[PDB]
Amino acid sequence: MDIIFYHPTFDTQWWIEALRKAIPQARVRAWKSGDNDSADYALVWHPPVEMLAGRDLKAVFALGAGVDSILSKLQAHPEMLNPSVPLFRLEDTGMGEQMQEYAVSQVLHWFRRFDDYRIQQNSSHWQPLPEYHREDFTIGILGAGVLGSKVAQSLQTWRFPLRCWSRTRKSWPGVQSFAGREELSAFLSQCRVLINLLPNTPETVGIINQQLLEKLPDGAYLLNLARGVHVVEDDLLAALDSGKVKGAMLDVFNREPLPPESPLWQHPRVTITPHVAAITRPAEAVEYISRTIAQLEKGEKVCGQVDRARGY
């Protein structure tokens, strides 16, 4: 087999060599403009149309969890990826645990009122605060996928009430499963903490807006770990200023880097991280890719596969 690799910023030389070692019968090369030699598999992030167009690839592996960008490019350039070509993404490969670290830390942080204690510390003010209780701290997860489920799991340990929202029904024993737009209002109504792990799709763009935030209980918290386009930033600022939302921690933004003019930077109840919630673990990604290729070859049934019609 022949494998072509393209990534705008990764250590191309490291990846190529790691893939050779993990698939020793594989000839692996970095794709450059003009390379129209044969390829069986393509490993890509933000690929040029030229790299894929007209290739009857056996599979394409997106080097990310999200496939927002590549699907949107195929819409604009249908010539780019023949419908025969199966599209895979990176499922977990270490991002699950990273999402769990971030959510558990911050849910507990809000639950123990470390935000209030920091404000009082800023005035040298010593004042014990009433403890919150779990019954009033339901955690809702928008999106119940590879990452949502991992996060739900790691929060169940702490005995918070849990609910999730998705297109289709889930069976997780401790987690009340809400499905479809018809059930979104009910889902939102009890969510003291709302965690966004949705994919970026036309159906979810701007879903976190005024109408959604108004259905939340008062003094809610928002943790956006998914995509910036899910949030209407001005509606969120209004919810923060009205006290509807007590705190928001955001890792992703409509424009990244978030430009200095955004009021989010200096807003008091907002915490910002620069899209670092869960990054690729290269060795685990190389493991997932070689394993998937091996499974495709043995005719075994494989899962981590994008549905282009569905959008994710």
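In this text, residue numbers run from 1 along the sequence as written.
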Exercise. Do the CA atoms of 244-252 or those of 66-74 have the higher mean B-factor in the entry?
Worked result: 66-74
Problem set entry | Stretch with the higher entry mean CA B-factor, where the candidates are 56-64 and 279-287 | 279-287
Seminar exercise, completed: Sorting the chain's modelled residues by C-alpha B-factor and splitting them into thirds places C164 in the lowest
For this session: Determine, from the deposited record, the chain-internal third of the Cα B-factor for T93: lowest, middle or highest.
Result: highest
Problem set entry | Chain thirds of CA B-factor: placement of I293 | lowest
Problem set entry | Assigned third (lowest, middle, highest) for the C-alpha B factor of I272 | middle
For this session: Divide the modelled residues of the chain into thirds by Cα B-factor and specify which third, lowest, middle or highest, holds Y117.
Result: middle
